[PDB]
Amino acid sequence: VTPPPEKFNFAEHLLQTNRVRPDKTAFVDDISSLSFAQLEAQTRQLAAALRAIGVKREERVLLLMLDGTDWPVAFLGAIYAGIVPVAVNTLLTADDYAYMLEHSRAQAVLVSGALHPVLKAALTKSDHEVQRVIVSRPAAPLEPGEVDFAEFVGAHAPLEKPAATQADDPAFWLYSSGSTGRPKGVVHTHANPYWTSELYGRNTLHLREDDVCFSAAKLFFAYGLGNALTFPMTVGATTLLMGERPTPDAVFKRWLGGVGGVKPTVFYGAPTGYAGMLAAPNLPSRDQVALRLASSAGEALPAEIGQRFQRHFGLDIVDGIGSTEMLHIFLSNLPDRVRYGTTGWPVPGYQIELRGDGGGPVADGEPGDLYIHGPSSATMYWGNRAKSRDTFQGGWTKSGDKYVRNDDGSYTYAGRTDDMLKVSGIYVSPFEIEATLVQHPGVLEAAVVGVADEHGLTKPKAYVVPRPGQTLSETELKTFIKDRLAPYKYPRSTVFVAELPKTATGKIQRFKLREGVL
């Protein structure tokens, strides 16, 4: 793969790529579609609009939007102007977004109607610098300071040239959270999504122009931003976008061609989603779908889920691992070479090392910490030198995963180095769930650990010591957490116990709970 030139604007790169196919559908969702020509026009008009309200090169804007055709216009429009969109999870709290408005110093926000109320709460409580709120598909009346996205884009002529950025200039941010602390701003450059789109989307998955891509993983996840924006725009594929939660029924409606008159040929999602689908009584039969490739990431794929999907569909599930910091997948099975129970082989372009307790070599078959060297790595966590030094170790990026290398050069997941759980293929801190539980007045102490469900997928499980002399049931505890935590973070079971295993010092020995001591 030839490196991008040193003067490079990633949005201009994607637009120029598709000037050969102006009338092909680029994006379609439940209510709208954009051809590549329509997309380029709206992208450049948004770039002009953001400049006209005074947002400058290198300044951030926050992009808080459900998946839909305005999302790539927002993302590429900022990037075309050399403005840095900070693309964020749409399931967070107002406090989370208040922190991100302050930390990013966002100068504008591009927000979906359905998310405008949470964003208003974040604006009201923070010391932000937002100059304008641009609301895609408002669901309630707007006030001064807020403008409808279509009217904002419609009111400006398209910007005539892109910002003259360098390949290694910041292009956008994603946020990534650890087991404690605030989300970290992962800064990615204009070159980074060129590399993941060429090395993984083109050269590993062999995506092509006549594909119809559809990702259950939203565009704000690094995985979904490549699956359903940077990868298909790189080869001129059409992409289907869906605002709503990806249940088996919502995904099957789209597999069957129920939206936009298109049937997806490439599907991406998490092992939890694949399991939920394979369990659905109305799982489509193979002659009803046009899928030719099924990608998974977000948690290790249990072998039985891959084997059952292959038995049913005649397609393997291609499991790979990436990270927010590496932008997309660096270690993966191949479409024609899948070894279930492993995450396959290094993606060409990336070097993988396993390091032991002193940074040394590990023998094959021994677990080590996984480090990655490749050209799509983020530069830093913005404003956090300490955590940047920990993760970005002279050219190598620490993932926080442990892995074992097999005799055929494949790699098998061996756990985390930092207490995080991957549940429904999304990071969940057990300490967050425990902080929620202990705020219930009937709870004395709580410890949360991951336990495999019946399909082999990790779910949180909570061990709770009730306060003597309050009554407290499992039902009350479920009600309490309902609106306090996202549904993916719900413990799959709660076990009431009289005490928890502790060191001599009073530290909870979480490992003893995982070993089944209670």
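Start at 1 and count along the sequence shown; that's the residue number. For the two forms, the rigid core is made up of the largest set of C-alpha atoms that agree within 1.5 Å on superposition.
Enquirer: Taking C-alpha RMS after core alignment, which stretch differs more from the shown form in 5 other deposited structures of this protein: 363 to 371, or 136 to 144?
Expert: Farther on average in 5 other deposited structures of this protein: 136 to 144.
Enquirer: Fitting on the core, do the C-alphas of 108 to 116 or of 421 to 429 deviate more in 5 other deposited structures of this protein?
Expert: Comparing 421 to 429 with 108 to 116, the one that moves more in 5 other deposited structures of this protein is 421 to 429.
Enquirer: Averaging CA B factors per stretch from the PDB record, which one is higher: 54 to 62 or 454 to 462?
Expert: Higher mean C-alpha B-factor: 454 to 462.
Enquirer: Look up the CA B-factors in the entry and say which stretch, 327 to 335 or 162 to 170, has the higher mean.
Expert: Looking at the record's C-alpha B-factors, the answer is 162 to 170.
Enquirer: Of the options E129, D408, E445, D95, which has the highest CA B factor as deposited?
Expert: Comparing C-alpha B-factors across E129, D408, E445, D95, the maximum falls on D408.
Enquirer: Looking at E40, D70, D483, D29, which has the highest CA B-factor as recorded?
Expert: By C-alpha B-factor in the record, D483 ranks first.
Enquirer: For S179, return the chain-relative third of its C-alpha B-factor as stated in the PDB record: lowest, middle or highest.
Expert: Middle third of the chain for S179's C-alpha B-factor.
Enquirer: Could you look up the Cα B-factor of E102 in the entry and say which third of the chain it sits in: lowest, middle or highest?
Expert: CA B-factor rank for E102: lowest third.
Enquirer: Going by the CA temperature factor in the PDB record, which third of the chain does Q45 belong to: lowest, middle or highest?
Expert: For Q45, the deposited C-alpha B-factor lands in the lowest third.
Enquirer: How does the C-alpha B factor of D211 compare with the rest of the chain: lowest, middle or highest third?
Expert: For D211, the deposited C-alpha B-factor lands in the lowest third.
Enquirer: Which third of the chain does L500 land in by C-alpha B-factor: lowest, middle or highest?
Expert: For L500, the deposited C-alpha B-factor lands in the middle third.
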